[PDB]
Amino acid sequence: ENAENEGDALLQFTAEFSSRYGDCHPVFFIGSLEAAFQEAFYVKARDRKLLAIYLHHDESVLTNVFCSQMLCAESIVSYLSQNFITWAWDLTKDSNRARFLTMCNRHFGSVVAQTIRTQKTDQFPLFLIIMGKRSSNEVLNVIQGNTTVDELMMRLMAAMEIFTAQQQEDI
């Protein structure tokens, strides 16, 4: 379908963000969002993990601090990247803004995208967590952004223990 190169697009960002903020940062997966999913759910039953979309919005005043505030920790970045799948998407410009909405609209749903529209800008960054379902990808938790780095730890770790319990063996 009509789409633009993601991998490269992300690279340029990862490269800048590196210097802009600093070397210390969570390993950003280079490729197409599609993979960020398969490599999470469709991944080896052993390498099974969860995905976490990190929306980066300049307009937001937090996105700045939150970066060196929460995305500054080594345990969070290392764990979020190792345990979970770290993925960033620059939706600053409208062009990108809509794009994402369109993708999520289907991938996730209409009730999901709409929410993003209501979610103010300050709230950002918006950290979402997906469990993954053959039928369709659905989120389990949606953090505004003014949360505490600590909350992220439990929020992430929990999503893991919860998932295992959610899924079944028969079905």
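Note: the structure precedes this text.
Calculation criteria
- Residues numbered from 1 in each chain as written, not as in the entry; some residues may be left out.
- Heavy atoms only, no water.
- Helix = DSSP H or I, 4+ residues; strand = E, 2+ residues; numbered from the N terminus.
- Rg over C-alpha atoms; globule rule 2.2 N^0.38 Å.
- Pairing = 2+ DSSP bridges.
- Axes fitted to C-alpha atoms, helices over the stretch in contact; angles between N-to-C directions.
- Parallel < 35°, antiparallel > 145°, perpendicular 65-115°, else oblique.
- Left-handed = near helix turned anticlockwise from the far one by under 90°.
- Contact = heavy atoms within 4.5 Å.
- Nonpolar A, V, L, I, M, F, W, Y, C, P; charged D, E, K, R; others polar.
- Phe/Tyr/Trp six-rings, centres within 6.5 Å; stacked < 30°, edge-to-face > 60°.
- Buried < 20%, exposed > 50% of the residue type's maximum accessible area, 1.4 Å probe, protein only.
- Core = buried A, V, L, I, M, F, W, Y, C linked by side-chain atoms within 4.5 Å.

A.B. asks: Account for the overall build of the chain, naming residues and giving values.
C.D. replies: The number of helices and strands found in the chain is seven helices and four strands. The secondary structure elements of the chain, listed N-terminal to C-terminal, are α-α-β-α-α-β-α-α-β-β-α. For 171 residues, the compact-globule formula gives about 16 Å, and the C-alpha radius of gyration of the chain, at 15 Å, lands near that figure. Seen along its three principal axes, the alpha-carbon backbone of the chain occupies a region of about 50 × 35 × 30 Å.

A.B. asks: Tell me about the sheet that holds strand β2 (residues 85–90), residues and numbers included.
C.D. replies: What the four strands build is an open sheet, ordered β2-β1-β3-β4; its pairing is mixed. Strands with a single pairing partner mark the edges of an open sheet, and in this sheet they are β2 and β4 (139–143). Across the sheet, the mean angle separating the axes of adjacent strands is 20 degrees when strand polarity is ignored. Of the pairings in the sheet, the one linking strand β3 (residues 126–130) to β4 comprises four bridges and is antiparallel in character. Within β4, the residue paired with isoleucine 129 across the bridge is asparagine 141.

A.B. asks: Give a description of the packing of helix α4 (residues 74–82) against helix α7 (residues 149–166) that names residues and reports values.
C.D. replies: For the pair α4 and α7, interaxial distance at closest approach is 11 Å and the crossing angle is 25 degrees. Comparing their axes, α7 and α4 come out roughly parallel. Crossing handedness for the pair α4 and α7: left-handed. Touching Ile76, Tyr79 and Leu80 of α4 are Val149, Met153, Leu156, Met157 and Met160, all from α7. The residue makeup of the contact of α4 with α7, split by class, is eight nonpolar, no polar and no charged.

A.B. asks: Talk me through the packing of helix α5 (residues 94–107) against helix α6 (residues 110–118); I want residue IDs and the actual numbers.
C.D. replies: Running from N to C, α5 and α6 cross one another at 155 degrees; their axes reach a closest spacing of 7 Å. Considering the angle they form, α5 stands roughly antiparallel to α6. Facing α5, whose interface residues are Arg97, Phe100, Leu101 and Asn105, α6 presents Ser110, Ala113, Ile116 and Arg117. Looking at the contact of α5 with α6, its residues break down into four nonpolar, two polar and two charged.

A.B. asks: Tell me about the packing of aromatic side chains, and please be specific about residues and values.
C.D. replies: Within the structure shown, the criterion is met by eight aromatic pairs. Between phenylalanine 13 and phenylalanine 17, the ring centres sit 5.8 Å apart and the planes meet at 25 degrees, which makes this aromatic pair stacked. Note that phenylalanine 13 and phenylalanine 17 are positioned in helix α1 (residues 6–21) at a spacing of four residues, about one turn of the helix. When its relative accessible area of 4% is taken as the criterion, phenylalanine 17 is described as buried. Between the aromatic rings of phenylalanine 37 and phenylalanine 108, the centroid separation amounts to 6.0 Å while the plane-to-plane angle is 80 degrees, which identifies the pairing as edge-to-face. Here the residue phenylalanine 37 occupies a position in helix α2 (residues 33–38), and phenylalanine 108 occupies one in the loop between α5 and α6, the gap between them amounting to 71 residues. You'll find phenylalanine 37 and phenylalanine 108 in the same group, each marked buried.

A.B. asks: Give a detailed account of the nonpolar core, specifying residues and quantitative values.
C.D. replies: Residues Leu51, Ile53, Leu55, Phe84 and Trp87 are the most contacted members of the largest nonpolar core, which totals 43 residues. Discounting chain neighbours no more than four positions away, the residues touching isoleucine 53 are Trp87, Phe100, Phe108, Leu126, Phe127, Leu128 and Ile130.

A.B. asks: Hey, could you go over the pairing of strand β1 (residues 51–56) for me, with residue numbers and the actual values?
C.D. replies: Counting buried residues along β1, six of its six residues qualify, which places the element largely inside the surrounding structure. Note: β1 against β3, three bridges, orientation antiparallel. Counted as the bridge partner of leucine 55 is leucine 126 from β3.

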